[PDB]
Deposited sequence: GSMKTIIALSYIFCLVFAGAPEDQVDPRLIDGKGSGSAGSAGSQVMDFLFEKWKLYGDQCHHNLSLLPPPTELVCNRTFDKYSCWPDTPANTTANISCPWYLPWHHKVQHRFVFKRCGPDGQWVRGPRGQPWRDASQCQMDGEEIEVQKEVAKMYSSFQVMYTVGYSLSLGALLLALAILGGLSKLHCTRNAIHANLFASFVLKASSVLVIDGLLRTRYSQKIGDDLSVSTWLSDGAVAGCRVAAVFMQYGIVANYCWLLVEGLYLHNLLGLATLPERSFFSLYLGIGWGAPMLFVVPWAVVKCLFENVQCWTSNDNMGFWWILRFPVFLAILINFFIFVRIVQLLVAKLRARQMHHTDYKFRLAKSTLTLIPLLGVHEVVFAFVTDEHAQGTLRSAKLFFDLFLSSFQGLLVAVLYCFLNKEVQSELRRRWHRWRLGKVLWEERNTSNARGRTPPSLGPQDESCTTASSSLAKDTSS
């Protein structure tokens, strides 16, 4: 039924769209841009979470204690890092509207401290509650030790979100960056990702269950299109490459006369 074919389809195009974004954002004229240094790492967190999801489903279909050992550990870390690096982007807009020491701090929020709070969950497996592989349907004794960072990150994300709307409205009220191509473009995509993803997790935490399965599946595609496909700067670069390729082909496809003499002039 739709519980399986649709479930694997939703993640099927997530990696394809995200990996295509990685190829585009990997090497171009803006490979070292600070703006793209955050989006590229955000896609990696989505790829890491999505990759661990697909292998878990395949292993269950085939059926191994050791087989799921590699898959599940990054799955729980990826979803936590997904929200942790989501706060990184939110603070980036606040710093932009308010590199250097920020880059070190931003890395610690996304790929730093959350790794320190995900290890204790993975550490206590042989000590207590091994229950073969993880199922996440047992008693809540081991719960809320990994759900705290994502709940905390959502709460802080709203604090910046409330601040950012008032700052932009006040600034745009009297000239300033009313229709700029740099601050507005980042804020337009930020204004949708933080609330919609934030309210999805908290509301469903406390046929409804089936309706929330593909919502997370499209999160990777939704982020990629709003950050890479919708971005105007890359489209100009993409059009330049497309025009150059088209022009190069056109100039190099494979598919009586009397000699000029001379005469003496009166002077």
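Asker: What are the missing stretches of the deposited sequence, listed from start to end?
Answerer: No C-alpha for residues 1-155, 219-236, 272-276, 385-396, 446-462, 475-478.
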